[PDB]
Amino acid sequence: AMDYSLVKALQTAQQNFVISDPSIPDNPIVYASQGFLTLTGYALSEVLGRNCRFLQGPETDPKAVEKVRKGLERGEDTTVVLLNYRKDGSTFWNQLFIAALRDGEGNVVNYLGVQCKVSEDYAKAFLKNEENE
């Protein structure tokens, strides 16, 4: 990974994460941790140069996808819970944490996304609580 100290910190905990490069059209993945590859069932060669939206499918809530899109557009750290699909078509609940990695002038150089698999019970409680705003 472009070796930011926070990326090295996530590697020591064997977290699931990807790094995107917004200078490339459609803000594709340029790095994916072994944890992300094992969670999703994809080989690194199948993920590099693609936008992470390939994990979405028919049971994914498009309103959770829209929260991510608007968060990035507004330059905000974003946390959502949404249903994602593995390569084999099995589904899981993904608590997704996205941050901009910025230079000294505040320009976004990369996005960092951490995926945490959560239970259906946890996802329902998170989404119910989100809806009380």
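Residue numbers run from 1 along the displayed sequence.
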note = Higher of the two mean Cα B-factors (95-103, 73-81; per PDB record) comes from 73-81
Residue stretch of maximal mean CA temperature factor, 8-16 vs 119-127 = 119-127
note = By the entry's values, the third containing the CA B factor of residue 26 is the middle
task = Quick one: classify residue 87 as lowest, middle or highest third of the chain based on its Cα B-factor.
result = middle
Cα B factor band for residue 50 (lowest, middle or highest third within the chain) = lowest
